[PDB]
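Written out below as structure tokens is the structure these notes cover.
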Amino acid sequence: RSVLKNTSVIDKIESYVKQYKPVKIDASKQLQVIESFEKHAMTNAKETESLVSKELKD
Amino acid sequence: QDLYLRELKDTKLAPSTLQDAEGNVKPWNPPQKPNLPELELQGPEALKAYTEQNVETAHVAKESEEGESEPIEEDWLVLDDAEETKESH
């Protein structure tokens with residue numbers, strides 16, 4: 001900022017950056033749908049895991 | 001040295017009516033105040049992009065979403081197509 005001797009805008013866009021300093025948040029919104037996908041996955045997984053454990057000893 | 005002295009006094013004073021007192025300019029026939037601080041002051045925003053780049057556009061990102069909360073009618077298709085892959089596997 002001390003580079004520009006005729007400054008006039010650096011405090012303006014400085015305040016513009018500090019305005020948008022709470023920039024924008026992300027989304028860990030998935031707490032309803034992702035549990036459904038891991039539910040189907042763990043269901044099929046435990047079914048297959050117990051099935052092959054039975055079929056090996058059979 | 002009055003050579004140096006009179007040279008530097010004319011050097012100081014002959015544009016001093018262009019810098020110290022703003023009686024704009026006597027030898028230059030176009031006016032000087034509508035060159036740099038009026039026309040060319042918006043020069044860098046006449047040389048760069050106006051109202052998007054210099055105003056800088058603190059812009060909200062497009063909130064990209066999940067698979068729109070529909071397991072069923074596509075998880076069954078994924079399951080049956082996975083059966084078809086394991087047929088081909």
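Quick note on naming: the chains in the structure tokens go A, B, ... in the order shown, residues restart at 1 in each chain, and ligands are numbered from 1 in order of appearance.
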Could you make a table, as JSON lines, of the residues of chain B that have an atom within 8 Å of an atom of chain A, each with its nearest atom pair and distance in Å to one decimal, counting only C-alpha atoms, in chain and number order?
```
{"residue": "B:55", "atom": "CA", "partner": "A:13", "partner_atom": "CA", "distance": 7.9}
{"residue": "B:58", "atom": "CA", "partner": "A:20", "partner_atom": "CA", "distance": 6.4}
{"residue": "B:60", "atom": "CA", "partner": "A:24", "partner_atom": "CA", "distance": 6.8}
{"residue": "B:61", "atom": "CA", "partner": "A:24", "partner_atom": "CA", "distance": 7.4}
{"residue": "B:66", "atom": "CA", "partner": "A:30", "partner_atom": "CA", "distance": 7.3}
{"residue": "B:69", "atom": "CA", "partner": "A:33", "partner_atom": "CA", "distance": 5.6}
{"residue": "B:70", "atom": "CA", "partner": "A:33", "partner_atom": "CA", "distance": 7.9}
{"residue": "B:71", "atom": "CA", "partner": "A:37", "partner_atom": "CA", "distance": 7.0}
```
Once you have the residues from the selection above, write them out as a compact mmCIF listing (two decimals), in the first residue's frame, restricted to N, CA and C atoms.
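Contents of the output file result-v4.txt:
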```
# COMPACT_ATOMS: atom_id res chain seq x y z
N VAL B 55 -14.02 -3.07 -9.55
CA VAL B 55 -14.95 -3.19 -8.42
C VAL B 55 -14.84 -4.57 -7.78
N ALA B 58 -16.93 -9.27 -5.42
CA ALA B 58 -17.01 -10.21 -4.30
C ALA B 58 -18.28 -11.03 -4.50
N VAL B 60 -20.68 -14.68 -4.81
CA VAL B 60 -21.05 -15.89 -4.09
C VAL B 60 -20.89 -17.08 -5.02
N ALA B 61 -20.27 -18.15 -4.52
CA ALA B 61 -20.08 -19.34 -5.34
C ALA B 61 -21.41 -20.07 -5.51
N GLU B 66 -25.61 -32.44 -3.63
CA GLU B 66 -25.40 -33.88 -3.54
C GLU B 66 -26.29 -34.53 -4.60
N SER B 69 -30.95 -36.66 -2.99
CA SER B 69 -31.63 -37.45 -1.96
C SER B 69 -32.58 -38.50 -2.56
N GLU B 70 -32.05 -39.26 -3.51
CA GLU B 70 -32.82 -40.33 -4.16
C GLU B 70 -31.96 -41.58 -4.19
N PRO B 71 -32.05 -42.41 -3.16
CA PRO B 71 -31.34 -43.69 -3.20
C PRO B 71 -32.00 -44.70 -4.13
```
Practice item. Please give the complete set of residues from chain A that DSSP, run on the backbone, assigns to alpha helix (DSSP H), formatted as a ChimeraX atom specification. Key: /A:10-19,34-57
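If you measure from each of B:41, B:63, B:48, B:56 to residue 6 (chain A) using only C-alpha atoms, the closest one turns out to be B:41.
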**Study point:** Shell of 9 Å around residue 1 (chain A), only C-alpha atoms, local chain residues under 5 positions omitted, as a list in words
**Key:**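 Neighbouring residues, sequence-local ones excluded: residues 7, 10 and 11 of chain A.
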Practice item. Could you tell me how far CA of residue 78 (chain B) lies from CA of residue 42 (chain A), in Å and to one decimal? Key: 15.1 Å
